[PDB]
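The chain below stands alone, shown as structure tokens; this is the form deposited in one PDB entry.
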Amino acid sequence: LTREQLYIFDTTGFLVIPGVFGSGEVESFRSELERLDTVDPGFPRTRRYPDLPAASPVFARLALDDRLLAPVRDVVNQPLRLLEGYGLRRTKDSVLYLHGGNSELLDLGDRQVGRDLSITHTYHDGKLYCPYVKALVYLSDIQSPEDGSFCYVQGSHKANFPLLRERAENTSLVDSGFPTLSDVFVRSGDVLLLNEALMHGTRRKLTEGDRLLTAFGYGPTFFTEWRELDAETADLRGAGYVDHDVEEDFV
């Protein structure tokens, strides 16, 4: 990544890199997804491809592809590991409410905490150290909010205050809007490099046709592969990720 790209990833929490994969490559990726099973993730009008690398050698190798790994290296700067690799296929009336955010809250029963160390990032001696980054590979054009554009709360990756708990305001900000909520439009083939510290989601998709992407999650070698945990287990051997406040919790 160039100095300007590093500046932009640092200051905004993400980076769009245009035309990483060519038209030939893109259609090849579309083909494989058509020939692959999906699940209901409990999100309306949304089909998920749960584990792309363990479902297809096309995506098992994309996960290790150099166009992805190299910019990821430049923002993680740790010995690297694959944490996850999934696909999303969306139709009209689907939506992805806000999640992420550097200072959102979590009640741990006896106490309330406001840092999630899995996304807590820093900077030292000319290098970014972000522990959890996604490479989003868009396989369809998203050029207006009604295409279900990616959206993000500006600067939320470095926020010191929690946003969502005070609102719980049962309407999502991706629908109602927010003064610092901005949209990002992408072309098929583009890659969005994302600091998972960013509070982000997508607008509601109102257009017809399929919205398609493949998401790959990376972190240091001492991170576990991604897995949802309701809470820490009684015998302290339960592994996984316990999310702080997200809009799904009250919208």
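Take the two forms, superpose them, and find the largest set of C-alpha atoms that agree within 1.5 Å; that set is the rigid core. Throughout, we count residues from 1 along the sequence that is shown. Residues that one form lacks are left out of the comparison.
Below: the form deposited in another entry, not depicted.
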query	finding
Sole member of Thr46, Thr214, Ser188, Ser56 with a C-alpha shift of at least 2 Å between this form and the one not shown (core-superposed)	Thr46
Rigid core fit then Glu34 CA moved by 2 Å or more between this form and the one not shown	no
Direction of C-alpha distance change in that other deposited form, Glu32 to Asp40 (at least 3 Å)	closer
Sense of the change in Cα distance from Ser31 to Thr38 in that other deposited form - at least 3 Å versus the shown form	closer
Shared-residue segments moving between this form and the one not shown, Cα shift 2 Å or more over 3+ consecutive positions, core-fitted	37 to 46
